[PDB]
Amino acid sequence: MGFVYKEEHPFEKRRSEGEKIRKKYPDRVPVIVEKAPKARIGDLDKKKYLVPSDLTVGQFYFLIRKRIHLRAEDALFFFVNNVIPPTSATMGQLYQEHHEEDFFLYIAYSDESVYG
């Protein structure tokens, strides 16, 4: 819902890759991370992350902060299927709840708690 990666990569190839990568790496989950629509915030050098399933949403959060080189004062929010995910969840749990039909998990990031 406003992911460029979906625009550029048709659904059947996506699903194919998601299936394969989950088979190959069942203790990891595949995540796509893009700036939210209308977000005013530093770029992420990379978009595709293969994340250990036991890493928490908090740890992945602080990981992404670091990659953006945010300053301490700078804010960052995650959105997944129109909710903010809880920091205590594991990326594995978040993936099982939220992955789309292409077997990827999509996370939108932004500077503001405003979304739509």
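One rule holds for the numbers: they count along the sequence shown, beginning at 1.
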query: Residue range whose averaged C-alpha B-factor is higher in the record, 90 to 98 or 14 to 22; finding: 14 to 22
query: Higher-scoring stretch by recorded Cα B factor average, 25 to 33 or 68 to 76; finding: 68 to 76
query: Record-listed C-alpha B factor of residue 42: chain third; finding: highest
query: Where the record places residue 111 (Cα B-factor, split into thirds across the chain); finding: middle
query: Third assignment of residue 63 from its chain's C-alpha B-factors; finding: middle
query: B-factor third for the C-alpha atom of residue 55 within its chain; finding: highest
